[PDB]
Amino acid sequence: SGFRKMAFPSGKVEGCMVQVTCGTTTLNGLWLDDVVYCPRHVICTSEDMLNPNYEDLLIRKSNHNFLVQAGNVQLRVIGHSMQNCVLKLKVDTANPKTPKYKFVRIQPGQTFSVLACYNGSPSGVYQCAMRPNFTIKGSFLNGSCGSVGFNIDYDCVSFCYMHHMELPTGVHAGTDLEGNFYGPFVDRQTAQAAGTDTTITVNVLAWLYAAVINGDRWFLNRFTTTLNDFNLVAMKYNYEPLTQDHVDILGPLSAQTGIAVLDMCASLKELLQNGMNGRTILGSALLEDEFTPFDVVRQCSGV
Amino acid sequence: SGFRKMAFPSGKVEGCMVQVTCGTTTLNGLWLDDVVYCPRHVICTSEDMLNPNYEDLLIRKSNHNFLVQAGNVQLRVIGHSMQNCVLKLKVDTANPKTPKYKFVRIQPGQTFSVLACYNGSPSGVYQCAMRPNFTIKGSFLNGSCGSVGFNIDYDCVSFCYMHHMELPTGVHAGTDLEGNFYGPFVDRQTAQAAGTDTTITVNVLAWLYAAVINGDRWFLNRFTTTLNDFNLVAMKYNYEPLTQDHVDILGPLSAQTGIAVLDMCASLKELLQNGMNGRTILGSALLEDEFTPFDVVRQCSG
Ligand SMILES: O=C(N(CCCOc1ccccc1)Cc1ccns1)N1CCc2c(F)cccc21
Ligand SMILES: O=C(N(CCCOc1ccccc1)Cc1ccns1)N1CCc2c(F)cccc21
């Protein structure tokens, strides 16, 4: 019993965090095998950030202009290249703590754990969702760039996010580990702003299934809905469209609980209309959208 | 920017988690040097749990009654003893990944990270507070017993909690690593209930200071209160009394924001009475009480 925002155990990632310095700029890098990955803006001054030409900034650098520290130990850089918005530093030592890993690009609505780091030293771990507007609602201060997001499956770490910047609303933007930004954002100080965000409907439905599994049914009703009528209503509350794919993904939870997906949809419609009337669902007074169907299954009793 | 419930990185503790089996009962243990710590109820059958005589149940056990698995590797048990409600198994191998550590007992209102584990295998990490009623609002299924709570300072792990049981309301109870329970609970399956809980006032005020630091300001006011009048309100709404010590601990945040604690109390006083006026504070439609003043400073300025 209980239901918590739970992160993956972070130890496999902790052993990969290093500090990268170029000039007066320090941030975090990810040391896997003999490569360190970090945001390419490490090669920029503050002045450079308005209109950087990364090709021109990088060609002026030699390997020894990059200082990489792994705990107490300096790693020697013996090569560098840029891939999209990520700098890849070849080092002369393979990380002996490299876990089984892959690089994955996630889609909006997917969750991951973030290891927030400063000066190559891990500070804290929390769970995030990729918002529909391609931002994350993290907790990051100056010095956090190059902190990573990940999932773990068996003993395999799937890296999906690297932190690059803060937007004016206090949310965060970054790239996959191939250096491609999530969303329309750029590693340039421009007037970019987060789009108006929306609620991740499939996740809210998963979390309502979690509430049922943990023994709460107060919010159900005697109605059903068509998928189209559900979407017409939900969109009036700035909820994401629910697709047939989402309905399919919810099948196992439907089966475990005996509540048809469109019957849970009718429940959600009524919750948006009514509020909670002084009640809570899994300890929350609002509808939670940062647990995926997978996350509910992961955490909840299968009974 | 941003404000998130954050756990400590768990790697130092991951390297200490093992599986302990006695008969048909399997749960998690903590392997530090050549000793494995786990709940003593591992020595019980389901029948024994109704009215266990732990003294007798342990005397009847030998080293050979215990299996300890560290990953793929069986550790041989070469000694056993009990300290309060914790079983200590001496093993033939010192854990090479033992961190610098201490055992500390925490106070209600204090926070810690939990590494939730099953079959000696870490599955997830989250942040908890020790509630005033000495329970924790965790997330634990069968097989989680022996999962631990901890804080980290520099390179030193301070272990403060070991999971023992679930209560009927779905909250959790356990011990410090010396086997002393938090709260008026016993390791027997008999009728037990969480006391009516109360809200950790100093933590709510800390979180209101966090909201101000993150530019959430709407609940500030000109109008203020006394400690006495505030505490009359606190008592009405099942909040813990606010002490002068609490007021002192919040001093940094008072200074940073220009908002006196008793002015923030009047804000909180209005929120408990008048409510939240449709609104949210840091994305919450409840008053959050599981961030300490230290946790806010740690995350906002660090
Ligand atoms: O948002 C930030 N910074 C760093 C600002 C200083 O950037 C620099 C950059 C280079 C040298 C010295 C200083 C503050 C953060 C808070 C929490 N997370 S990152 N950055 C860093 C990268 C970036 C962009 F490419 C575009 C817009 C903003 C930003
Ligand atoms: O709450 C639990 N259990 C385990 C029940 C099986 O206990 C046993 C114990 C021994 C042998 C066979 C079976 C369910 C949990 C859910 C989430 N966290 S623990 N326990 C185990 C210990 C305990 C007490 F000392 C007093 C009351 C309840 C419990």
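By the numbers in Swiss-Prot, the shown part of chain B spans 3264-3565.
Cβ coordinates come from backbone N, Cα and C, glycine included.
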According to Swiss-Prot, which residue out of B:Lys3353, B:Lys3499 bears the annotation ubiquitin cross-link? B:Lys3353
Out of these recorded positions, B:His3304, B:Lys3353, which one has the fewest other C-beta atoms within 10 Å of its own C-beta? B:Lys3353
Including all protein chains displayed, how many Cβ atoms other than that of B:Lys3268 (ubiquitin cross-link) lie within 10 Å of its Cβ? 20
Euclidean distance between Cα atoms of B:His3304 (active site, for 3CL-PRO activity) and B:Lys3353 (ubiquitin cross-link), Å: 17
Are there any residues in the same chain, six or more apart in sequence, whose C-beta is under 8 angstroms from the C-beta of B:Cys3408 (active site, for 3CL-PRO activity), and if so which? B:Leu3290, B:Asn3291, B:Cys3301, B:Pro3302, B:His3304, B:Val3305, B:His3426, B:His3427, B:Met3428
Where does B:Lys3268 (ubiquitin cross-link) sit by DSSP, helix, strand or coil? coil
Under 8 Å, Cβ to Cβ, against chain A: pull out the ones among the recorded positions B:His3304, B:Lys3353, B:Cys3408 that qualify, in sequence order. none
Conformational class of B:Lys3353 (ubiquitin cross-link) under the three-state DSSP mapping: strand
Cβ under 6 Å from ligand 2: which of the recorded positions B:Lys3268, B:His3304, B:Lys3353 qualify? B:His3304
